[PDB]
Amino acid sequence: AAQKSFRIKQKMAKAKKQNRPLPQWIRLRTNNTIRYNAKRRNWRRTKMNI
Amino acid sequence: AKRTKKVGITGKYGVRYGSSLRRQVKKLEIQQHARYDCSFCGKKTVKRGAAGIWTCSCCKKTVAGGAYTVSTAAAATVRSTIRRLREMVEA
Amino acid sequence: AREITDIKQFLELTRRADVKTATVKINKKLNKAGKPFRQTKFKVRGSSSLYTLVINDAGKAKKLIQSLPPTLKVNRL
Amino acid sequence: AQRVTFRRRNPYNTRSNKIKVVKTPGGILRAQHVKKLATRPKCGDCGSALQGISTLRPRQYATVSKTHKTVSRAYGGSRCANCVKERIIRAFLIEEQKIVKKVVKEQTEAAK
Amino acid sequence: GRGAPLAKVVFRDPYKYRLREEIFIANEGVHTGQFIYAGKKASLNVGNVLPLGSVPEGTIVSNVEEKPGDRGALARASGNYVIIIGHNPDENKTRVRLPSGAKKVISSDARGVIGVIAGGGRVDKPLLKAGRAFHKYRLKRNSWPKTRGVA
Amino acid sequence: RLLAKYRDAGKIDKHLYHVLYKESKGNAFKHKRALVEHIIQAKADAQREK
RNA sequence: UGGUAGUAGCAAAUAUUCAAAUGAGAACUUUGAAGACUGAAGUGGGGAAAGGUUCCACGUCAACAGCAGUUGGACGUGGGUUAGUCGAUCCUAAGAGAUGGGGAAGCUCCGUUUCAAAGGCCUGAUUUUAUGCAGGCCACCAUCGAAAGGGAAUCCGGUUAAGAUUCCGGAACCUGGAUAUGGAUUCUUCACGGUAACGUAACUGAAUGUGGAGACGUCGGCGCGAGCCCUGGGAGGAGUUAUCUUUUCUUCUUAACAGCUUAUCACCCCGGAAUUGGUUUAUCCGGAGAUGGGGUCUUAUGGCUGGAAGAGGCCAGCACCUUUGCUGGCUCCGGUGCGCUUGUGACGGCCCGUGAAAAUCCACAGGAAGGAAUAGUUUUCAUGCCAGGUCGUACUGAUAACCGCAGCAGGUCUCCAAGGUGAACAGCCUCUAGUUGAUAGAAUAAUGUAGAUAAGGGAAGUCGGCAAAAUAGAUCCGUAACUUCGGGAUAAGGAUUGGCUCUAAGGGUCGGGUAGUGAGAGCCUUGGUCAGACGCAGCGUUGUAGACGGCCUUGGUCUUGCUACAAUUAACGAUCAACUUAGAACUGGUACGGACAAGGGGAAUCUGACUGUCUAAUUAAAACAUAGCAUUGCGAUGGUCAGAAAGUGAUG
């Protein structure tokens, strides 16, 4: 941490690209129940445990 | 002067440890920290480290000896026994 | 990184076919305690180190500037 | 004063991580990491450092010419001179004394 | 962790050209540069190592083998020694006296080095403080301090 | 080093050097001036015994 | 979902104020002006562990920031981490763990060099031979395990909204591989010099062996070096000026690398010692050869030069809607040290503690093999050429970025380190740096918490002087019983302590002559000789300076050979930095360790000898430990103990 292996950084890359809200166009789509993103992992609330 | 009356070097221990024990440790530190004659170079330069080891300061030698003195009294007789025993092989 | 005292060694270096760049630097320093005078430094770039030549008397320096081969690219100051 | 920092990423005061403080041409104090000090080669027999040998770290000795690693005697960069002198004297005199051991037993074995 | 000092005696390998270094327990009074003679016909001087069938009785040897070739079992700690008190040349046995005062008959092909063991009189000095016993037992094993089982 | 340079100037011989050196190793000399006075004292004594 | 209740409360960390800007709206945002704080064992600069985007920018104010909000470690959208040299990679440590084997119904257990036929290395065979075969050797015997141990290699300056020992400019070095050009050697084929210690840019060398480096505790003082601190002269810029002050602050810097040179230590040669002598703060050395004289060596260091002033720094001018500068200067000469920190050299103390290993690299012994000159050898000499892969790199490292459910007065390893007082890294105040954040306003009742101060008496309070008070720094005097003779002891108990003007002591560096002479190895100067050259200036012109100087000199030009006189005596004269100690007057509303800091002591008893250790969240003790004493078992086909077993295991 500040000096890392590669595997942990690869999972941080995935944890970055998932840390975003819904696309705005899905809420218009037919038969939609998804109203927000129920998996927003912040860094002040949830530690991902690698 | 003579700064201590009867403790000597064991005055570094102080008031602790009894009197007979400090007298007993004195008896062996006067042998241990002393400076002995080297039998080969003839110089009084033998000091010890590392109990049982007597390194000459000059002359590079090292005598494995007694732990506090260069050759203890129960050892220096043994070689005289050897001096008795090796003479009977020839005569 | 090196310093050269000889002149003919420097002339041997300027024709060594790796030396593509040289430069002439003109310093303004003072002799023994009194007077300002003109020092020059000839720096040839060998491919490993940068050789120099320190000339204090400029009466050798004008002859030496003339004595450089003209195929050598010279940065003047 | 100007308080300085480590340059590498090792924060502890180990034997590898030593620091000199140097003024740099920008005027500022800055740290310089200093390699451990090289030790002189020693005689294997008398323990004295033997002279004529450049004192370098052990992989520096492959960057150097052979005359900074050697003196011009037999047993040059390995043993100090006196010991070499002694192992000539001894190695002469016994190989004279042994010849005495070959001249006594030509006569004592013959006069028996 | 050992009261006696060692002795790194170096021998010539008889079958390949090299030197083999061997760690004896130093007897008392072996200066460095002493030639140490291992073997049957070796003379009887302080530091030589000999078979027990080659020495006379009353000889004060140490580092003596139990069975011939286990390389130094009996009488190794500092100050100690065994004393050959008799021979039995029939079926080549030797009767010795161990440091505890137990007499014992062993084989006369076992090897003992002549002389008492260097470092003698090590426990005649008091160990005055607890820290000195700590620094004694930090180099042997974890057997200190001993809590009483009544406590 | 004052005894050293007085010997190197030849003002004092080496016998009195080896006496006054071991005396200076004790107290025997409160300062520089007392030692100069003690040099001149013993030198005048050996001069009167000459 | 209530009553409770719009109450308990949002009070530790000395602390905020004024004006302007944005805005619907500023106790809280931004700038400026004040005022303070941490005060360099910092509320400062970097990091390890940990977090993972929080770093940085634009926009937004629903929710969160237990008040506020136009602000944010929030929300929305994007941007950002560049390495041959930093680390990981490689090595082994305590240890883990295959293979061979041995158990176990089996999951799996033991063991790690072991009851195992456990593999590669260079030369020859080549011109079927592709690189197999004929040998000569050698035997170690997996693998993992330390981004704090071992280790091949870099630094400076600049640069971005966020990266830099990584990018850019310059300057280097290491490893691996190629081949040439020189130089060296050679018909004395595989170098010479030095009495020697050893030196030279080079100066064959296999298998095998040996040695060195890697390789190393801790404490103490001494020497040297670096950086900081302090200080003098000089060259700039700012502040103060009612008065005074040659004033107060600030800038004046130099890297990696390379060449030459040098300091202890060590060694060689001549030489010979007692009328014992060298010599350290610390007492060790010398006929196993001192002191003395002359040398050799190492180079962390230091110095000079190159890098490199063309860099950075501090100023000045001419300007410039803006872009962007351009032109100039200077950047110099020193000194001190029980100073602070740090590195090291030689020592000295300590031990029934004597204080890692391997990789890697080098050297020597050895002599296989190969090599001459019409030229073969030489890449551990100079130069040149080519290449250096992968992964990490942003930021915080904490009274908001980690863990404690939280933006929790807790907890978490380390480096740097300023001025004054002062013994001090104590407390107290300031500089560089960073903050000004911890809901506010008004009053200031009871009872609280935190700090105080009290007439007279003095523990009479109380289970008990519990809590406070009192002493306390330094200097000088004086110090009992008892004792293991070391202590007890800062025992007890007294006396001083400012400011000012002085006095005495405590140290260094060079000079030890007059006269006649040589070189005054300064040669000045008058004269030139011709390198009299660089460069300036002007319409090769034919003017400028000759660097105002190698070279030749008629001498007035404070270092001296040789002797004269006789040189020698008291040992001096000049001169410069340190502070320490002792005393005297004089003076102050009798004060003066003026704040801070900072022992109460004695007479005894019970108990444990002591230093130490534990019930982390009620027990820190007379308990546990301890050294000391004593006992018991055991001679390894063993004593104590483990295992479900084993061709097992701990002490070992």
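- In its metadata, the entry names cryo-EM as the structure determination method and reports 3.4 Å as the resolution.

- The PDB entry lists chain F under the name 60S ribosomal protein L19-A, with Saccharomyces cerevisiae as the source organism.

- Looking at the PDB entry, chain B carries the name 60S ribosomal protein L43-A, with the source organism given as Saccharomyces cerevisiae.
- Chain B has a UniProt comment under Subcellular location that states "Cytoplasm".

## Section: a nonpolar patch on the surface
Here is step 1 of the chain: A contiguous nonpolar patch, built from D:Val4, D:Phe6, D:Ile19 and D:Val21 and spanning about 290 Å² of accessible area, is present on the exposed surface.
Here is step 2 of the chain: Relative to the helices and strands, D:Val4 resides in the segment before β1 (18–23).

## What about the environment of C:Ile55?
Residues and elements named next belong to chain C.
Here is step 1 of the chain: Structurally, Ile55 is set in strand β4 (residues 50–55).
Here is step 2 of the chain: Counting along the chain gives 13 residues from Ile55 to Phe42, while the straight-line C-alpha distance between them is 8.0 Å.
Here is step 3 of the chain: When neighbours within four sequence positions are excluded, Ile55 is seen to be in contact with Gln39, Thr40, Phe42, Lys60 and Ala61.

## Some points on the sheet that holds β4(C)
All names here are of chain C.
Here is step 1 of the chain: Pairing in this open sheet of 5 strands is mixed, and the strands run β1-β4-β3-β2-β5 from one edge to the other. Looking along the sheet, the strands with just one partner apiece sit at the ends: β1 (2–4) and β5 (73–76). Neighbour to neighbour, the strand axes of the sheet diverge by 25° on average, direction disregarded.
Here is step 2 of the chain: Where strand β2 (residues 21–30) meets strand β3 (residues 36–45), 9 bridges bridge the pair, whose relative direction is antiparallel. The residue bridging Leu30 from the neighbouring strand is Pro36, located in β3.
Here is step 3 of the chain: Relative to β3, helix α2 (residues 58–66) is tilted by about 35°, and along the sheet it contacts β3 and β4.

## A look at the layout of surface pockets
Over the atoms rolls a probe the size of a water molecule, and its path tells where empty space is left.
Here is step 1 of the chain: The calculated volume of the largest pocket comes to roughly 1800 Å³.
Here is step 2 of the chain: In this structure, the largest pocket is lined by 43 residues; those nearest its centre are E:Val10, E:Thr32, E:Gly33, E:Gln34 and E:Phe35.
Here is step 3 of the chain: Those elements that provide at least two residues to the lining of the largest pocket are β3 (62–64) of chain B, α1 (81–104) of chain D together with β1 (6–12), β2 (19–25) and β3 (30–31) of chain E.
Here is step 4 of the chain: Of the residues that constitute the lining of the largest pocket, the class distribution is 23 nonpolar, 8 polar and 12 charged.
Here is step 5 of the chain: Estimates place the volume of the second largest pocket at around 710 Å³.
Here is step 6 of the chain: Residue lining of the second largest pocket: 26 residues in total, with B:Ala51, E:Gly3, E:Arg122, E:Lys136 and E:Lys140 positioned closest to the centre.
Here is step 7 of the chain: Ranked by the residues each element gives to the lining of the second largest pocket, the list is headed by helix α1 (residues 130–137) of chain E, at 3 residues.

## Here we look at the environment of B:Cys56
All names here are of chain B.
Here is step 1 of the chain: Considering the arrangement of structural elements, one finds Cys56 in strand β2 (residues 53–56).
Here is step 2 of the chain: Overall, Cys56 belongs to the buried group, its relative accessible area being 7%.
Here is step 3 of the chain: For the pair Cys56 and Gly42, spaced 14 residues apart in sequence, the C-alpha to C-alpha distance is 11 Å.
Here is step 4 of the chain: Look past the residues within four positions of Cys56 in its chain and what remains in contact with it is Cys38, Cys41, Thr45, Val46 and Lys61.

About the cut-offs
- Residues numbered from 1 in each chain as written, not as in the entry; some residues may be left out.
- Chains lettered and ligands numbered in written order.
- Part of a larger assembly, values for the part shown.
- Heavy atoms only, no water.
- Residues with missing side-chain atoms left out of burial classes, pairs and counts.
- UniProt positions renumbered as here; feature names shortened; annotations may be inferred.
- Patch = residues over 30% accessible without salt bridge, like charges linked within 9 Å, V, L, I, M, F, W, Y side chains within 5 Å.
- Areas by Shrake-Rupley, 256 points an atom, 1.4 Å probe, with all protein chains shown as cover.
- Salt bridge = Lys/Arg side-chain N within 4 Å of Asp/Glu carboxyl O.
- Helix = DSSP H or I, 4+ residues; strand = E, 2+ residues; numbered from the N terminus.
- Contact = heavy atoms within 4.5 Å.
- Pairing = 2+ DSSP bridges.
- Axes fitted to C-alpha atoms, helices over the stretch in contact; angles between N-to-C directions.
- 1 Å grid on protein atoms, 1.4 Å probe; cavity = no way out; pocket = protein on both sides within 12 Å on 5 of 7 lines; lining within 4 Å.
- Points joined across faces, edges and corners; volume = space filled by probe spheres on them.
- Nonpolar A, V, L, I, M, F, W, Y, C, P; charged D, E, K, R; others polar.
- Buried < 20%, exposed > 50% of the residue type's maximum accessible area, 1.4 Å probe, protein only.

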